[PDB]
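Engineer:
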Amino acid sequence: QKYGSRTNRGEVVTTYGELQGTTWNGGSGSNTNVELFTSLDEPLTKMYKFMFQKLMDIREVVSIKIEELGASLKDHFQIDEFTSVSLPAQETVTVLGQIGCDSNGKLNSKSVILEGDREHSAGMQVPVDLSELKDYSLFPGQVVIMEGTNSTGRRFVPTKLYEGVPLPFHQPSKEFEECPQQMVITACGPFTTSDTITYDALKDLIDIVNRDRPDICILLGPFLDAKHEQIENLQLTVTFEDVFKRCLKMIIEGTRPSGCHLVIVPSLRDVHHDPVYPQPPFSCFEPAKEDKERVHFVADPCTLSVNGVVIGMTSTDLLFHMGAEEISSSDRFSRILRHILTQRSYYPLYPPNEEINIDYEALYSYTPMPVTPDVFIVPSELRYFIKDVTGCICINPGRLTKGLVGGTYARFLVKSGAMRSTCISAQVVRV
Amino acid sequence: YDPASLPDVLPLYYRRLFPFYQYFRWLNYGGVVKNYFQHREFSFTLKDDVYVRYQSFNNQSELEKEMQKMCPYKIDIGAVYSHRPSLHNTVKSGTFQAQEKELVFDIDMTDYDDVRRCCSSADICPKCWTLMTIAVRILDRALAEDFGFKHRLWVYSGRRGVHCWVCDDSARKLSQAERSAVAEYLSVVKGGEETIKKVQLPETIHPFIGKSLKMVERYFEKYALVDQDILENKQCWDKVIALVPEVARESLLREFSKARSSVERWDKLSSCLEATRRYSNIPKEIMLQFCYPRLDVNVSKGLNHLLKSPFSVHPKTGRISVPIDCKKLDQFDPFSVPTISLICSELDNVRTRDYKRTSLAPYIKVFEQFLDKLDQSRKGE
DNA sequence: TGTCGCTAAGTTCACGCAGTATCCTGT
Ligand SMILES: Nc1nc2c(ncn2[C@H]2C[C@H](O)[C@@H](COP(=O)(O)OP(=O)(O)OP(=O)(O)O)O2)c(=O)[nH]1
Ligand SMILES: [Zn+2]
Numbered sequence: 159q160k161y162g163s164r165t166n167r168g169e170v171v172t173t174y175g176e177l178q179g180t181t182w183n184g185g186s187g188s189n190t191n192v193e194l195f196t197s198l199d200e201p202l203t204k205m206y207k208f209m210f211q212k213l214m215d216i217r218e219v220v221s222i223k224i225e226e227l228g229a230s231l232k233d234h235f236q237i238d239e240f241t242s243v244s245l246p247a248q249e250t251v252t253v254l255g256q257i258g259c260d261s262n263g264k265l266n267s268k269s270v271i272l273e274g275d276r277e278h279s280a281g282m283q284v285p286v287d288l289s290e291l292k293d294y295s296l297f298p299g300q301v302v303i304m305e306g307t308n309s310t311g312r313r314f315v316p317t318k319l320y321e322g323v324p325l326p327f328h329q330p331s332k333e334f335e336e337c338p339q340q341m342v343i344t345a346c347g348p349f350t351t352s353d354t355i356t357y358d359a360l361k362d363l364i365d366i367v368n369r370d371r372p373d374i375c376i377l378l379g380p381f382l383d384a385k386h387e388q389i390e391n392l393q394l395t396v397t398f399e400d401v402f403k404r405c406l407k408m409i410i411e412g413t414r415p416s417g418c419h420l421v422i423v424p425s426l427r428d429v430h431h432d433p434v435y436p437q438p439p440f441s442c443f444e445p446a447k448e449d450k451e452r453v454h455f456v457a458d459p460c461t462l463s464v465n466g467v468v469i470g471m472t473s474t475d476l477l478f479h480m481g482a483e484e485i486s487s488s493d494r495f496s497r498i499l500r501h502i503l504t505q506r507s508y509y510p511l512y513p514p515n516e517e518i519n520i521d522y523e524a525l526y527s528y529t530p531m532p533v534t535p536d537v538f539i540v541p542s543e544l545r546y547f548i549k550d551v552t553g554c555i556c557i558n559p560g561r562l563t564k565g566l567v568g569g570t571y572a573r574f575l576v577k578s579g580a581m587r588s589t590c591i592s593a594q595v596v597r598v
Numbered sequence: 006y007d008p009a010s011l012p013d014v015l016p017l018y019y020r021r022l023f024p025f026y027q028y029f030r031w032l033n034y035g036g037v038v039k040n041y042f043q044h045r046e047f048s049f050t051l052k053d054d055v056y057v058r059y060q061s062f063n064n065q066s067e068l069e070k071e072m073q074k075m076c077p078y079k080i081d082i083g084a085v086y087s088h089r090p091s092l093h094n095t096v097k098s099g100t101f102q103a104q105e106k107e108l109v110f111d112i113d114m115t116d117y118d119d120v121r122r123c124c125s126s127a128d129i130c131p132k133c134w135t136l137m138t139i140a141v142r143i144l145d146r147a148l149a150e151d152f153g154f155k156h157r158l159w160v161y162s163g164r165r166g167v168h169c170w171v172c173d174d175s176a177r178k179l180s181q182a183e184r185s186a187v188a189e190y191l192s193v194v195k196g197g198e199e200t201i202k203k204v205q206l207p208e209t210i211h212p213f214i215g216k217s218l219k220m221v222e223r224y225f226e227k228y229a230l231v232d233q234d235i236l237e238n239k240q241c242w243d244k245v246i247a248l249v250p251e252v253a254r255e256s257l258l259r260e261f262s263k264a265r266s267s268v269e270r271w272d273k274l275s276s277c278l279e280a281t286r287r288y289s290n291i292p293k294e295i296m297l298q299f300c301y302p303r304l305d306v307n308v309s310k311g312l313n314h315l316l317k318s319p320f321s322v323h324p325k326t327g328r329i330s331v332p333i334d335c336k337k338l339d340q341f342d343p344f345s346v347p348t349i350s351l352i353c354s355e356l357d358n359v379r380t381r382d383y384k385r386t387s388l389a390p391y392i393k394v395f396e397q398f399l400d401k402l403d404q405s406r407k408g409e
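Protein chains in written order, with the authors' numbering: chain B, 159 to 488, 493 to 581, 587 to 598; chain D, 6 to 281, 286 to 359, 379 to 409.
Given below as structure tokens:
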């Protein structure tokens with residue numbers, strides 16, 4: 159009722175980049191090449207056996223994460239030697255470690271501990287005293303290098319916190335120099351109103367897709383939300399798989415006129431899918447022979463290449479997860499986004515939030531960020547935004563539905579080699 | 006015959022009588038297999054008992070030469086080896102192996118001493134030779150019927166017995182184990198001088214034993230009951246009594262006190278045994298113990314065994330080891346066998381036909397017929 | 001019928017020495 163009678167349909171709630179006309183048109187995915195970013199590491203494309211984590215394996219994965227990031231930072235900063243975190247230090251020493259909270263609550267400036275890696279510290283921890291640090295921004299699981307002293311052997315006092323070093327951007331090949339600008343419409347779940355299971359917002363978005371004919375449509379989960387009031391109280395008369403199959407059929411068949419490449423990203427809130435992160439792609443739907451080349455069932459997180467433009471995307475609410483734990487000396495979202503980019507992982511928070519199941523071997527294998535993406539799609543319960551963080555266009559399109567009321571989606575234009588202005592324009596628009 | 010005259014006659018014989026052409030035909034086996042004659046082992050025994058082995062020759066000419074040069078007292082034929090025996094020193098250790106040889110049997114009258122009464126040790130007479138006459142028939146029949154060996158050369162050993170050379174290609178490729186199996190199959194009289202009962206047949210008579218007893222029966226009456234007279238007096242028939250269960254022994258003794266002829270005593274023994286049934290084969294066990302051939306399994310088991318060559322000269326009797334015609338076996342007489350002295354007298358009394385003028389000719393003829401059969405088998409095959 | 005020398009690393013085979021395994025003999 160409330161959604162159907164909305165009056166702000168099509169309103170542009172946020173804008174960035176070159177001004178464009180009131181109407182956006184795309185190439186219908188004609189001269190479009192969508193693939194997974196070809197990096198050294200193989201992508202997650204199939205289910206991996208889970209529910210069996212050895213504490214030793216978790217220890218090894220965390221330790222190697224710290225060690226690898228510290229090695230890269232040491233080469234970049236020309237640091238001579240790292241020192242064990244636990245040992246006393248009367249003079250200033252450089253220490254590599256990861257941040258954490260001394261208790262189970264939320265991190266605060268008086269509860270910070272630094273845990274070293276196995277190579278340099280035997281995994282030992284030390285309390286941290288942030289009284290002598292003038293400026294800082296710390297979240298649990300953050301790999302840091304600090305110059306400080308430990309006079310009592312019991313409390314590390316940092317004096318310098320080395321800044322993060324983001325990965326270099328992608329240097330596109332000339333193969334896509336002559337390709338036109340590409341239009342991407344991105345939306346995130348939930349796709350149905352809190353009190354309905356009819357997917358009205360999804361129908362409106364599909365109508366928008368057919369109207370504007372974008373080159374890529376990135377749909378992020380959930381598609382059958384686990385927190386939907388109907389799902390939790392067991393009022394559904396059909397199986398979860400059937401509802402999800404109906405939703406996917408609606409999406410794929412309804413986009414036939416647009417000829418738009420669909421990129422489907424699962425969510426941890428998908429009640430019908432495996433609850434593990436990194437999430438494998440959906441595998442319960444077989445597109446018809448006429449839609450096989452258009453539909454891309456990708457994994458969470460995903461690094462996509464679109465005519466040379468690298469788009470990073472994750473369904474996980476990274477900003478909400480890290481905002482609850484980040485502590486700063488004095493834009494918060496920009497700081498968190500820079501933290502994500504500099505840590506070079508799509509989920510650097512450790513321990514994770516209570517709402518995400520992390521398989522740490524898969525996390526090690528499939529969460530490293532190959533490069534710094536040209537566009538980074540990070541849907542969040544927080545407010546929509548389009549930010550420029552260290553040259554990367556971070557887009558939060560919100561969620562298509564916000565409770566009983568309609569939500570928002572985003573549309574942006576990407577061209578490889580433009581001007587670094589790989590993102591010509593971007594807009595958060597209302598549904 | 007004067008054995009001091011042996012060194013005088015040996016050369017002439019080896020020069021003008023020893024049948025070298027047929028000998029090479031034999032040991033060369035139609036040239037089918039290369040190096041067959043060239044890998045054959047020979048051994049020579051010279052004057053003053055000097056023994057040499059690992060002698061091999063390239064062809065008939067070399068053999069004739071080295072033999073006429075050495076003038077050996079004994080010639081033994083051995084195995085065909087993997088290489089030439091003459092170069093056995095040159096062959097790497099373990100790589101010198103005996104590979105093929107005729108299957109051979111040696112039957113020696115001396116092994117019958119505990120059961121013959123006319124002679125002893127190396128003495129033979131017409132009364133005991135029938136034992137050999139039996140053996141050749143008993144064995145050769147088996148070799149022609151049970152095993153299917155088709156080329157069999159029987160040769161007089163010169164003094165105490167006979168040898169058999171079974172030369173079928175199959176018989177020449179038999180392993181040691183197969184040879185031992187063949188020997189044990191043919192062998193019935195088992196035991197030494199310390200055993201009295203050497204034959205213990207089972208309830209079932211194996212067909213081979215039935216056919217050997219059938220062959221024995223034809224001769225038994227003449228050999229044992231007429232000639233040998235194995236029941237002449239108590240000192241001898243005590244043995245045969247010793248070969249049967251004690252239960253009837255007394256019953257027999259009184260009967261043997263009223264019998265005048267050993268044929269009568271045999272009839273009485275057979276009747277008494279028949280009256281007494287598991288012992289129904291006891292007379293057969295006695296016949297076998299007095300008539301069946303004795304075989305030294307060591308002679309036939311080993312591939313590397315050196316056996317007296319045909320047409321050798323016996324160092325003591327001087328007789329020639331002549332082949333025996335199977336058909337005319339009943340006419341064979343080991344005392345009429347040509348001696349070397351007789352055939353040298355015959356030779357010095359008148379090129380490739382000199383031997384046809386001696387008494388050696390019919391035996392070379394039998395050998396030539398045997399070699400002709402071997403050639404027919406080599407061709408037809 | 002004469003075909004220069006020695007020195008040295010290297011391959012392929014033939015054997016010691018020791019260790020592991022499986023397969024035997026008879027009536
Ligand atoms: N018998 C013999 N000896 C040789 C041969 N080649 C080399 N040599 C020996 C004897 C030479 O004096 C010695 C020196 O060898 P070199 O290859 O250094 O050449 P050489 O010193 O004669 O002259 P060079 O180094 O070119 O100024 O090696 C050869 O072919 N036969
Ligand atoms: Zn006699």
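For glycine and all other residues, C-beta sits at the position ideal for the given N, C-alpha and C.
Which residues does DSSP pair with residue 367 of chain D in a beta bridge?
Structural biologist: No atoms of residue 367 of chain D appear, because in chain D residue 359 is followed directly by 379.
Engineer: Helix, strand or coil for D/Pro212, going by three-state DSSP, please let me know.
Structural biologist: Looking up residue 212 of chain D in the second sequence gives position 207. Of the three classes helix, strand and coil, the one that applies to D/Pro212 here is helix, per DSSP.
Engineer: Could I get the ranges of all uninterrupted beta strand (DSSP E) runs contained in the stretch 66 to 134 of chain D, with 3 residues as the minimum, in chain order?
Structural biologist: Whole beta strand (DSSP E) segments, 3+ residues: 79 to 86, 103 to 105 and 108 to 113.
Engineer: First and last residue of the beta strand (DSSP E) that includes B/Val423?
Structural biologist: Here residue 423 of chain B corresponds to residue number 265 of the first sequence, with the count starting at 1. Here the beta strand (DSSP E) through B/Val423 covers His419 to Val423.
Engineer: Exposed or buried, which one is B/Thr172 when buried takes at least 16 other CB atoms within 10 Å?
Structural biologist: Counting from one through the first sequence, the residue named residue 172 of chain B turns up at place 14. Buried, since its Cβ has 16 or more Cβ neighbours within 10 Å.
Engineer: Would you call the stretch 423 to 437 of chain B and the stretch 353 to 368 of chain B touching, i.e. three or more CB-CB distances under 8 Å?
Structural biologist: Output reads no: the stretch 353 to 368 of chain B does not touch the stretch 423 to 437 of chain B.
Engineer: Can D/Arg121 be considered in contact with ligand 2, in the sense that its beta carbon sits closer than 8 Å to one or more heavy atoms?
Structural biologist: Numbered from 1 along the second sequence, position 116 holds the residue referred to as residue 121 of chain D. D/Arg121 Cβ: within cutoff of ligand 2.
Engineer: Output the distance between the C-alpha atoms of B/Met214 and B/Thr196, rounded to the nearest integer angstrom.
Structural biologist: Locating residue 214 of chain B in the first sequence gives position 56, where the first residue counts as 1. Locating residue 196 of chain B in the first sequence gives position 38, where the first residue counts as 1. Between B/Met214 and B/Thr196, the C-alpha separation is close to 31 Å.
Engineer: Whole angstroms is fine: what's the gap from D/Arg157's alpha carbon to D/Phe261's?
Structural biologist: Residue numbering aside, residue 157 of chain D sits at position 152 when the second sequence is read from its first letter. Residue numbering aside, residue 261 of chain D sits at position 256 when the second sequence is read from its first letter. Approximately 44 Å, taken between the alpha carbons.
Engineer: What are the boundary residues of the alpha helix (DSSP H) that includes B/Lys549?
Structural biologist: To locate residue 549 of chain B, count along the first sequence from 1; it is residue 387. Looking at the DSSP string, B/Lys549 is not in any alpha helix (DSSP H); the run it does join, the beta strand (DSSP E), is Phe547 to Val551.
Engineer: DSSP has B/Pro316 in a bridge; who is on the other side?
Structural biologist: One-based indexing of the first sequence puts residue 316 of chain B at position 158. BP columns for B/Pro316 point to B/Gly306.
Engineer: Does the distance from the C-beta atom of D/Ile291 to that of D/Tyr6 stay below 9 Å?
Structural biologist: In the second sequence, counting from the first residue as 1, residue 291 of chain D sits at position 282. In the second sequence, counting from the first residue as 1, residue 6 of chain D sits at position 1. No, the Cβ-Cβ distance between D/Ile291 and D/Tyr6 is not below 9 Å.
Engineer: Using only the heavy atoms of ligand 2, determine whether one of them is closer than 8 Å to the beta carbon of D/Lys227.
Structural biologist: Working through the second sequence from its first residue, we reach residue 227 of chain D at position 222. No, ligand 2 has no heavy atom inside 8 Å of this Cβ.
Engineer: Tell me whether the stretch 178 to 185 of chain B and the stretch 369 to 379 of chain B touch, counting them as touching only if at least three CB pairs, one residue from each stretch, are closer than 8 Å.
Structural biologist: Flag = yes, the stretch 178 to 185 of chain B and the stretch 369 to 379 of chain B touch.
Engineer: Flag this pair as touching only if the stretch 171 to 190 of chain D and the stretch 107 to 127 of chain D have three or more C-beta atom pairs under 8 Å; answer yes or no.
Structural biologist: Contact between the stretch 171 to 190 of chain D and the stretch 107 to 127 of chain D is present, because at least three Cβ pairs lie under 8 Å.
Engineer: Under 7 Å Cβ to Cβ from D/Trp134, same chain only, skipping five residues before and after it: list those, please.
Structural biologist: Taking the second sequence and counting its residues from 1, the one referred to as residue 134 of chain D is at position 129. So the list reads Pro343, once near-sequence residues are dropped.
Engineer: Judging by CA-CA distance, which residue of D/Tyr161, D/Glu183 and D/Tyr288 is the nearest neighbour of D/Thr209?
Structural biologist: Here residue 209 of chain D is taken as the residue at index 204 of the second sequence, counted from 1. Answer by Cα proximity: D/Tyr288.
Engineer: Compute the minimum distance between the beta carbon of D/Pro131 and the heavy atoms of ligand 2, and state whether it is under 8 Å.
Structural biologist: If you number the second sequence from 1, residue 131 of chain D lands on position 126. Indeed, a heavy atom of ligand 2 lies less than 8 Å from the Cβ.
Engineer: What are the boundary residues of the alpha helix (DSSP H) that D/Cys277 is part of?
Structural biologist: Walking along the second sequence from the start, residue 277 of chain D turns up at place 272. It spans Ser267 to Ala280 - the alpha helix (DSSP H) in which D/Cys277 sits, taken as one unbroken run.
Engineer: Skipping 5 residues on each side, what residues in its chain have a beta carbon closer than 6 Å to that of B/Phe297?
Structural biologist: Reading the first sequence from its first residue, position 139 is the one you call residue 297 of chain B. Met480, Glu483 and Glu484, listed in sequence order.
Engineer: Using a Cβ-based criterion (distance less than 8 Å to any ligand heavy atom), does D/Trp134 qualify as near ligand 2?
Structural biologist: As a working note, residue 134 of chain D is residue 129 in the second sequence. Answer for D/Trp134: yes, Cβ within range of ligand 2.
Engineer: Measure the C-alpha to C-alpha separation of B/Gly175 and B/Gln211 and round it to an integer number of angstroms.
Structural biologist: Locating residue 175 of chain B in the first sequence gives position 17, where the first residue counts as 1. Locating residue 211 of chain B in the first sequence gives position 53, where the first residue counts as 1. When rounded, the distance between both Cα atoms is 46 Å.
Engineer: List the endpoints of the continuous alpha helix (DSSP H) containing B/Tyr174.
Structural biologist: Against the first sequence, residue 174 of chain B aligns to sequence position 16. Note, B/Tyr174: premise wrong, no alpha helix (DSSP H); beta strand (DSSP E) at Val170 to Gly175.
Engineer: D/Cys124 and D/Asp232 - do their beta-carbons sit closer together than 9 Å?
Structural biologist: One-based indexing of the second sequence puts residue 232 of chain D at position 227. One-based indexing of the second sequence puts residue 124 of chain D at position 119. Not closer than 9 Å, so no.
Engineer: Among B/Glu249, B/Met282 and B/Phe208, which residue has its Cα nearest to the Cα of B/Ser242?
Structural biologist: In the first sequence, the residue the question calls residue 242 of chain B occupies position 84. Nearest of B/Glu249, B/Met282 and B/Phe208 to B/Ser242, Cα basis: B/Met282.
Engineer: My output table needs one value for B/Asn519: the three-state DSSP class, helix, strand or coil.
Structural biologist: Within the first sequence, numbered from 1, the residue matching residue 519 of chain B stands at position 357. Looking at B/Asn519 - three-state DSSP - the assignment turns out to be coil, as it is neither helix nor strand.
Engineer: Would the beta-carbon of D/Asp234 be found less than 8 Å away from any heavy atom of ligand 2?
Structural biologist: Counted from its first residue, the second sequence places residue 234 of chain D at position 229. D/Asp234: no, Cβ never under 8 Å from ligand 2.
Engineer: Let me confirm a value: B/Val170 is counted as buried when at least 16 other C-beta atoms fall within 10 Å, else exposed. Which label applies?
Structural biologist: Within the first sequence, numbered from 1, the residue matching residue 170 of chain B stands at position 12. Burial call: exposed.
Engineer: How would you write the range of the beta strand (DSSP E) that B/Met205 sits in, first residue to last?
Structural biologist: For this step, residue 205 of chain B is matched to residue 47 along the first sequence. First-last for B/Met205: undefined, no H or E at that position.
Engineer: Just how far apart, CA to CA, sit D/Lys52 and D/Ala149?
Structural biologist: Within the second sequence, numbered from 1, the residue matching residue 52 of chain D stands at position 47. Within the second sequence, numbered from 1, the residue matching residue 149 of chain D stands at position 144. Going by the C-alpha atoms only, they are around 40 Å apart.
Engineer: Across which residues does DSSP place D/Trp170 in a beta bridge pair?
Structural biologist: Within the second sequence, the letter at position 165 stands for residue 170 of chain D. Partner(s): D/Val109 and D/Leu158.
Engineer: Does the contact criterion of 3 or more C-beta pairs under 8 Å hold for the stretch 188 to 197 of chain D versus the stretch 294 to 307 of chain D?
Structural biologist: Touching, yes, given that three or more Cβ pairs across the two stretches are closer than 8 Å.
Engineer: Identify whether B/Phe195 lies in helix, strand or coil by the three-state DSSP scheme.
Structural biologist: Within the first sequence, the letter at position 37 stands for residue 195 of chain B. Here B/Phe195 sits in coil by DSSP.
Engineer: Which partner residues does B/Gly255 have in the DSSP bridge list?
Structural biologist: Residue 255 of chain B sits at position 97 when you count from the first residue of the first sequence. According to DSSP, which records beta bridges pairwise, B/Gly255 is partnered with B/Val302.
Engineer: Hey, is the stretch 551 to 559 of chain B in contact with the stretch 529 to 542 of chain B, meaning 3+ C-beta pairs nearer than 8 Å?
Structural biologist: Touching, yes.
Engineer: By the DSSP assignment, the beta strand (DSSP E) with B/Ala345 in it spans what residues?
Structural biologist: Mapped onto the first sequence, residue 345 of chain B falls at position 187. That run of the beta strand (DSSP E) goes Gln340 to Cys346.
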